[PDB]
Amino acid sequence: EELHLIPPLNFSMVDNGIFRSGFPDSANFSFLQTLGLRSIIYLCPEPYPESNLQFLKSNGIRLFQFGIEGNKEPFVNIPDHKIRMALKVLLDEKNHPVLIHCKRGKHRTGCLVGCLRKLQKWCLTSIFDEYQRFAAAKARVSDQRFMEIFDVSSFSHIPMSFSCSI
């Protein structure tokens, strides 16, 4: 086959040991195996399909599910607590390498990554630009507003010695 690896929908590296994507399917499993994942942070409330559960079991991957309802704008309401819990998992380097995913890798995943960038002291315009690159024509002002007002205070003490940015 030679060119045989298929990263999942909207796949990207976020930082050392942190990846983002939409929902993996079996065509993506050989690529995800190469990343030596310890963790998935899964941001949809739907049960993980059997195919994906077998992949986690076979590969020794822990599933962290913080289900955020997949509403359309303007009827979206990202719960602060779920993002807060997900950031706590993301900030524990023992969980790396970790893949964050939702359905499309644009909205729920975009919000969690944007809140991480706020902890990494990125200016809002740089955070929004990265969010928009993935969300493309489906960029939601509400997701960027969520990142704008998300309170980082509780996380200030946590060292991020894992990051490429020190």
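All residue numbers refer to positions in the sequence shown, first residue = 1.
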Which of 16 to 24 and 138 to 146 has higher mean CA B factor, as the PDB entry lists it: 138 to 146
Where do the C-alpha atoms have the higher mean temperature factor in this entry, in 26 to 34 or in 44 to 52? 44 to 52
Where does residue 67 sit by CA temperature factor within its chain: lowest, middle or highest third? highest
Is the Cα B-factor recorded for residue 3 in the lowest, middle or highest third of its chain? highest
